[PDB]
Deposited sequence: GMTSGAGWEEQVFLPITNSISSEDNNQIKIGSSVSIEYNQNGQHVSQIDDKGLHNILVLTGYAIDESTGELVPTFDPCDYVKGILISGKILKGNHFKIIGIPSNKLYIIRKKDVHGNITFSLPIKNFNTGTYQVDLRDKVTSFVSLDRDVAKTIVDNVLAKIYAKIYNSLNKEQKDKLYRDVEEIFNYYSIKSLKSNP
C-alpha cells in the first residue's frame, strides 16, 4: 500500500483548489489523484472506513484529540495522500487486520497512515455525538468523494450515486470536542 492519510468526515470539511481538502482551520490534506486508496467506492457504495475510537475531533480546527474514552470515535476514509498543514502522527506498517475498519472490501497486508492530531488538556471540555447534516452529506459526496474518486463516481448511475449518499449519511457520525468556557 502507498502511504495513506486519514480524512475525517465531518460537517466542516470542504474541497479546496487542486486536490486538497480543508479539514478545518488548522488541518489541510492533499490526496494523490492517481494514488491507490484503501477506502474505496464501487457499484455497492463506500468501503473500508476507519473508525478511530478513543478520539474526538475539534471540528473548527480539524485536529483529532485523544479523549481516553473508548466510546468516543471519529470515522474517516483512508486515501493516498498527506497532511500538508497541521500536526501529523504516523502509524507505520500496521497489519490491516489490526485496524478498526468497517464495510470491509479487499483489505490486506500492512498499512502506513497518518492522522491529523493536536500533553492533552481535557479540562472544561464537552464531547458530543454528531451526525452529518443531510445537505452537507450531499456536498461531501458531490464536492469531496466525487473529486477524490472522480472516475469511479462519474461511471455510476443515479441509483448507485444515491447509494453512496445514503452510505455517507448512515456511516459518518462522530464525536466532536469543544471547550465550554473558551472559544
Extract from the deposited sequence all ranges with no corresponding C-alpha coordinates, numbering residues from 1. 1 to 7, 126 to 132, 198
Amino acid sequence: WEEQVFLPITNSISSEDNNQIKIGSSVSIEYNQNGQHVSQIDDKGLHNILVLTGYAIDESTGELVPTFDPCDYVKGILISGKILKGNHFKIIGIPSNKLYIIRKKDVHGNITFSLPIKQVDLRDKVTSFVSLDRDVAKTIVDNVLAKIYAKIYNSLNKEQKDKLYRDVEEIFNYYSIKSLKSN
From here on, numbers count along this sequence of modelled residues.
Can you tell me which stretch has the higher mean Cα B-factor, 119 to 127 or 47 to 55? 119 to 127
Averaging C-alpha B-factors over each stretch, which comes out higher, 72 to 80 or 103 to 111? 103 to 111
Residue with maximal Cα B-factor (values as given in the PDB entry) among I148, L132, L64, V38: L132
Quick tally, chain-level thirds of C-alpha B-factors: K90 sits in the lowest
The third of the chain into which the C-alpha temperature factor of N18 falls is the highest
Comparing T10 with the other modelled residues of its chain, is its CA B-factor in the lowest, middle or highest third? lowest
